[PDB]
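Here is the structure we will look at.
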Amino acid sequence: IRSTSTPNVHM
Amino acid sequence: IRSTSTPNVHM
Amino acid sequence: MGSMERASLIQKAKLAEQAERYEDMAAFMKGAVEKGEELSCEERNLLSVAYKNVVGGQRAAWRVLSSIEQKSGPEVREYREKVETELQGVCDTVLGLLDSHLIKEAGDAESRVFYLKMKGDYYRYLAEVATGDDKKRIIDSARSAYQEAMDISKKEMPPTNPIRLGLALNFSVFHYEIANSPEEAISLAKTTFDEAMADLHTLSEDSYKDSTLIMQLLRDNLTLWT
Amino acid sequence: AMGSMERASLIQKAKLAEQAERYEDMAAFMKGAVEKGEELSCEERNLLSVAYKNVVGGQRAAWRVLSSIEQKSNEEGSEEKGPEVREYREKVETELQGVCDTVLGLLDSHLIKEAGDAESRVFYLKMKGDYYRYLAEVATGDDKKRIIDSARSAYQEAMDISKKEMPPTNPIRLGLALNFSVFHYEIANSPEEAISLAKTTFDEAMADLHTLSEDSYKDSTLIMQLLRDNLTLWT
Ligand SMILES: *CC(=O)NCC1CCN(S(=O)(=O)c2ccc(Br)cc2)CC1
Ligand SMILES: [Cl-]
Ligand SMILES: [Cl-]
Ligand SMILES: [Mg+2]
Ligand SMILES: [Mg+2]
Ligand SMILES: [Mg+2]
Ligand SMILES: [Mg+2]
């Protein structure tokens, strides 16, 4: 399992 | 709702 | 493409499929077709899946933009036209391949019906976006391809054959969605469904999942249309 | 020829492309908008980021599939398999690199120097760190070493600013820290710095939660949860 980075969503 | 055609799957 | 061996083009299409790279997959398959050998069933599947992914994306986009254009400066029309031209391009490439390499008087019925079905489909996708006198010609081309395919399939294939079924399903969609012919859509789908079910006991196990899928879609469209 | 197009038209078309899930087009429109030479708004930084991360995201996913097939093929060591997948992995790799270079080019030629506030400067430096990290994933050489260093320097400069200029709950600061922690763990082989940075980030944020609007709270806690997910993974 790879580490989670910042999601690709509008913020 | 549009009609459904043959799905894009391997036959 | 032409500098690669046929076997490498097929291998690279399969890899592109695994990578969900459908434009590349289609380009690889086009190179393979251009080698001049017939495609196997597995290879026809690769060709079909590749180009349907590409055009499918373009169709979804065109529909979004078209909807916005109808609800709503020059930008939406400009951008819808750009996407439309690209879609027409891909359809033209497919139809080009079918005419220049794939459709032949010879070879088995499966292959002939498959490619004529495909010709009908890609003219149908062109008809979804056409407006002119052009639209009329396009519709007639789709109808002519589908009808030839139907004639072969009725003569040479069993009623529950999955290629025959998928052709009939798609021709029924043509009638309903393109040709303003709901009566013929429903009559073709109902006839297809019943004749297929009447011969389902003769269908090989290797086709059962596929044929049952298509007969379910005939049923669902019949529910939708009635 | 986007040089002569109205900036507002480019932005509108980027939004149309987004609705149509046409992310390559969306990115090209936002590149054209960047090249008009004006600063970006918040919405525009979102459009730029979403567009290019969809593009590179797809390429990264494809590269990962291909690399795995390549490696599995080579391990088996069958004297006839392997050349095709290598060549195709290289093809995708080349395209990914080209997109990353485009983004880094925009950041360097237009966006980083021209930013007028700390928040947007930090966002752009974060972005630079991210696109160097995406390059690092496919790099091998001494090249890999130089790229890792470039990523680290970009992230460190962003972190330095964000600590002086921004609250610990700010989503840009949080997303930067999340990403820099992933860099430490996945790229620079420093699991301890990863964990430490994630822990500090999560705790400093947590302390200030009570100050936030309802909406701000949801934004910040989203990233804090991923910080948490990673800490659970790394321990
Ligand atoms: C044996 C052979 O020619 N196989 C390849 C084909 C590719 C897909 N076509 S189809 O588009 O008509 C179709 C039919 C049924 C399904 Br479940 C999916 C696609 C059929 C044969
Ligand atoms: Cl356009
Ligand atoms: Cl290749
Ligand atoms: Mg040859
Ligand atoms: Mg037109
Ligand atoms: Mg072997
Ligand atoms: Mg390389």
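Every chain is numbered from 1 and lettered A, B, ... according to where its sequence line falls, protein lines coming before strand lines. Keep in mind that the numbers below use all heavy atoms, side chains included, and drop hydrogens, waters and symmetry copies.
- The neighbour count for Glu90(D) CD, taken as heavy atoms of other residues, nucleotides or ligands under 6.0 Å away, is above 12.
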Quiz item: Which is it for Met159(D) and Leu197(D) under the side-chain contact (heavy atoms from CB on, under 4.5 Å) test, yes or no, and what are the steps along the way?
Solution: CA-CA 11 Å; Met159(D) 285 292 308; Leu197(D) 174 63; 3.8 Å; yes
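- Here the side chains of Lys144(D) and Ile147(D) are not in contact, with every heavy-atom distance at 4.5 Å or above.
- Between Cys91(C) and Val55(C), some side-chain heavy-atom pair lies under the 4.5 Å cut-off.
- Between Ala62(D) and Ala19(C), the closest heavy-atom pair is CB-O, 3.7 Å.
- A salt bridge is defined here as a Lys NZ or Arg NE, NH1 or NH2 lying under 4.0 Å from an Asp or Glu carboxylate O, and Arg22(D) with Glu86(C) meets this definition.
- Residues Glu186(D) and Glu137(D) have side chains not in contact (no heavy-atom distance under 4.5 Å, counting atoms from C-beta outward).
- With no hydrogens or angles considered, no side-chain donor-acceptor pair links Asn179(D) and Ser5(A) at under 3.5 Å.
- Ring centroid separation for the pair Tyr52(D) and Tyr131(D) does not come in under the 6.0 Å cut-off.
- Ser3(A) and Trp234(D) share a side-chain donor-acceptor pair at under 3.5 Å.
- By the 4.5 Å heavy-atom criterion applied to side chains, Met224(D) and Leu209(D) are counted as neighbours.
- Other residues, nucleotides and ligands place more than 12 heavy atoms under 6.0 Å from the CG atom of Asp117(D).
- Residues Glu76(D) and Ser78(D) have side chains that bring a donor and an acceptor to within less than 3.5 angstrom of each other.
- A salt bridge links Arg133(D) and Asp130(D); the closest N-O separation between the charged side-chain nitrogens and carboxylate oxygens is under 4.0 Å.
- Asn8(A) CG to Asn54(D) CG: the interatomic distance, rounded to the nearest 0.5 Å, is 5.0 Å.
- One finds the OG1 atom of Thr6(A) at 11.0 Å from the CD1 atom of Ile172(D) (value rounded to the nearest 0.5 Å).
- Environment of CD in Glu80(D): crowded, with over 12 heavy atoms of neighbouring residues, nucleotides or ligands closer than 6.0 Å.
- In this structure, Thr201(D) and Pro168(D) have side chains that are not in contact, with every pair of non-hydrogen atoms separated by 4.5 Å or more.
- Using a distance-only test at 3.5 Å, with no hydrogens or angles considered, no donor-acceptor pair links the side chain of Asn189(D) to the main chain of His184(D).
- Ring centroids of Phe180(D) and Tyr185(D) are separated by 6.0 Å or more, keeping the two rings apart.
- With 3.5 Å as the limit, one finds no donor-acceptor pair spanning the side chains of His110(D) and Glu39(D).
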Exercise. Test side-chain contact (heavy atoms from CB on, under 4.5 Å) on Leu135(D) and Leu104(D) and set out the steps.
Key: CA-CA 10 Å; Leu135(D) 284 173; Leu104(D) 291 168; 3.7 Å; yes
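- A salt bridge does not link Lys35(C) with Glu5(C): none of the charged nitrogens is closer than 4.0 Å to a carboxylate oxygen.
- Side-chain contact of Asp229(D) with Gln225(D): a donor-acceptor pair under 3.5 Å is present, judged by distance alone.
- Two residues are said to be in side-chain contact when any heavy atoms from C-beta on lie closer than 4.5 Å; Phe183(D) and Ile148(D) meet this criterion.
- The existence of a salt bridge linking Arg146(D) and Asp143(D) is confirmed by a sub-4.0 Å separation between a basic side-chain nitrogen and an acidic carboxylate oxygen.
- A salt bridge between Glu44(D) and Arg7(D) is present, with a side-chain N of the basic residue lying under 4.0 Å from a carboxylate O of the acidic one.
- Remark: the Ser216(D) side chain and the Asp219(D) side chain contain no N/O donor-acceptor pair separated by less than 3.5 Å.
- No hydrogens or angles considered: a donor-acceptor pair under 3.5 Å links the side chains of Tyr88(D) and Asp24(C).
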Practice problem: Report the C-alpha separation of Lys14(C) and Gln11(C) in whole Å, then their side-chain angles, then the decisive distance to 0.1 Å, and conclude whether the side-chain contact (heavy atoms from CB on, under 4.5 Å) test is met. | Solution: CA-CA 5 Å; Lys14(C) 290 170 186 174; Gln11(C) 180 66 350; 4.2 Å; yes
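- In this structure, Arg228(D) forms a cation-pi arrangement with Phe202(D), its terminal cationic atom sitting closer than 6.0 Å to the ring centre and no more than 45° off the ring axis.
- Side-chain atoms of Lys199(D) and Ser196(D) form no donor-acceptor pair, as typed in the model, at a separation below 3.5 Å.
- Residues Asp208(D) and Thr169(D) bring no donor and acceptor atom of their side chains to less than 3.5 Å of each other.
- You'll find the side chain of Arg63(C) reaches within 4.5 Å of the side chain of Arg59(C), heavy atoms only.
- Remark: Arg89(D) engages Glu70(D) in a salt bridge, criterion side-chain N to carboxylate O under 4.0 Å.
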Practice problem: For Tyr124(D) and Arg45(D), run side chain to side chain donor-acceptor pair (under 3.5 Å): C-alpha distance rounded to whole Å, both residues' side-chain angles, the deciding distance at 0.1 Å, then the answer. | Solution: CA-CA 9 Å; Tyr124(D) 298 127; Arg45(D) 280 184 280 288; 3.2 Å; yes
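- Using a 4.0 Å cut-off between a side-chain N of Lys or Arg and a carboxylate O of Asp or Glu, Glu78(C) and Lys13(D) qualify as a salt bridge.
- Residues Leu222(D) and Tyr217(D) are not in side-chain contact: their nearest non-hydrogen atoms beyond the backbone lie 4.5 Å or more apart.
- There is a side-chain donor-acceptor pair under 3.5 Å between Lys71(C) and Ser67(C).
- We find that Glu204(D) and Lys163(D) are not joined by a salt bridge, their nearest charged nitrogen and carboxylate oxygen being 4.0 Å or further apart.
- Taking CE of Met127(D) as the reference point, atom NZ of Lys53(D) lies at 9.5 Å (rounded to 0.5 Å).
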